[PDB]
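Enquirer: part one of the assembly, not moved from where it sits:
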Amino acid sequence: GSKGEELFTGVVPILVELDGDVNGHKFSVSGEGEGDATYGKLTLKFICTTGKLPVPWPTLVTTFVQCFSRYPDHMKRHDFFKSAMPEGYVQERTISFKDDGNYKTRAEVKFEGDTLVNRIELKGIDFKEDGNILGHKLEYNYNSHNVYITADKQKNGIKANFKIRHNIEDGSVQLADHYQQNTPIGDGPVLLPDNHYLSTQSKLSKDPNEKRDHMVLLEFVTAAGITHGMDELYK
């Protein structure tokens, strides 16, 4: 339960802006779509605005808005993300690709007018020139993951840990370990959650009419991991 939660009861337009630098290779991406947190549903289309994207599209999916998560009614007291709105939250991550380089990201997620905007800076370093990432050896698809969340009372926000599994063309899988910290931008009260996780499913696709290097994303996110109705057992 939060005031910010009222801002997500209907369909919300989304804008995404990223500037990246991976091993010196500079690039930019813009994205647009909408989210409907009532169903945990996101629809987004991203375009590289600087030509060809120097990394595989799947590597950027987690970087490109967990405030659109569906939290069940019995878990609404644990939804930090919406509680930070509309002033929003800073989302910082380190993403370590196993046996390869790493991304470091800082993003601000906040309303600008009626639009929920995610603005990202990304720096990647230590990547291998013909590794799975710079070598473009990832399949163009995405797996389902859990995002494990705990309160970070010290910073009045939350932290998350999870491991992305990227399918590799040769049949192997490339692990991307994610460490995440979110903190509110404003200083209104926020909700600090008990341990729980976000169960996420994502489908990648292409716009048959699109000439630019691009990604179409359909995502469903649902909060879980806190049991319903426990109290009644002891009555």
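Expert: Great, that's in hand. Numbers count the residues shown, from 1 in each chain, chains lettered A, B, ... in the order given.

Enquirer: tell me if residue A:167 really is in a strand.
Expert: Yes. Assessed by DSSP: H, G, I helix; E, B strand; the rest coil, residue A:167 belongs to a strand.

Enquirer: skipping adjacent residues, who's closest to it in space?
Expert: Nearest residue to residue A:167, sequence neighbours excluded (C-beta to C-beta, 6 or more residues apart in numbering): residue A:139, at 3.9 Å. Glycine gets a C-beta too; all of them are placed from N, C-alpha and C.

Enquirer: from residue A:35, how far out is the residue nearest the centre of chain A?
Expert: Centroid check for chain A by C-alpha atoms, centre = their mean gives residue A:62 as the closest residue, at 3.9 Å. Going from residue A:62 to residue A:35 by C-beta to C-beta, to the nearest Å gives 16 Å.

Enquirer: contacting residues for the residue nearest to residue A:167?
Expert: By C-beta atoms under 8 Å, 6 or more residues apart in numbering, the contact set of residue A:139 is A:58, A:166-169.

Enquirer: for these, give me a markdown table that also has distance to residue A:2.
Expert: As requested, the contacts of residue A:139 are exported to a markdown table (distance: C-beta to C-beta, whole Å):
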| residue | distance to residue A:2 |
| --- | --- |
| A:58 | 33 |
| A:166 | 34 |
| A:167 | 37 |
| A:168 | 41 |
| A:169 | 44 |
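
Enquirer: now the sequence for chain B, which goes on the structure above:
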Amino acid sequence: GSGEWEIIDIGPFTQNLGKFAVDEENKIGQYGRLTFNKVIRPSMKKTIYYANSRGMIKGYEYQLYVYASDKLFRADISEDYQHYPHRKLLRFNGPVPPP
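Expert: Placed with the earlier chains, chain B looks like this:
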């Protein structure tokens, strides 16, 4: 690997695949400058999969009969979602006899 060839219709999207083939062929120059006329039936398509045990969809391949500069050619095009730009001209030759 790949799936089986199946017939597809020759609407505007298939016509645009034929225009793509002629544009690509014109870059290579083997047949001089060609002017797209039309894609005719039969048009064929098959699915391309990643060559591993998951066998997920990687893209598609097309076989077309394309008239350009009033001569009939056979063009093969691949669409590969892993690598940009996604469409590649694989084959363009003729003239060939009508199907």
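
Enquirer: and the contacts of residue A:139, now that chain B is part of it?
Expert: Taking C-beta atoms under 8 Å, 6 or more residues apart in numbering or on different chains, we find residue A:139 in contact with A:58, A:166-169, B:50, B:54, B:56, B:58, B:82.

Enquirer: still on that earlier bit, surely the residue nearest to the centre of chain A is in contact with residue A:164?
Expert: Yes. Contact criterion C-beta atoms under 8 Å: residue A:62 and residue A:164 qualify, at 6.2 Å.

Enquirer: common neighbours of these two, please.
Expert: Common contacts of residue A:62 and residue A:164 (C-beta under 8 Å, 6+ apart): A:95, A:176, A:178.

Enquirer: of those residues, which is the nearest to chain B?
Expert: The nearest member of those to chain B, counting by C-beta to the nearest C-beta, is residue A:176 at 17.5 Å.

Enquirer: helix or strand: which one has the residue lying closest to that closest one once chain neighbours are set aside?
Expert: Setting aside the residues directly before and after it, residue A:176 is nearest to residue A:164 in space (C-beta to C-beta, 6 or more residues apart in numbering or on different chains), at 4.1 Å. Using DSSP states H and E, residue A:164 falls within strand A:157-167.

Enquirer: after the top strand by length along chain B, next one along is what?
Expert: For chain B, the strand with the greatest residue count under DSSP state E is strand B:36-49. Counting by DSSP H and E, the element after strand B:36-49 in chain order, helix or strand, is strand B:57-68.
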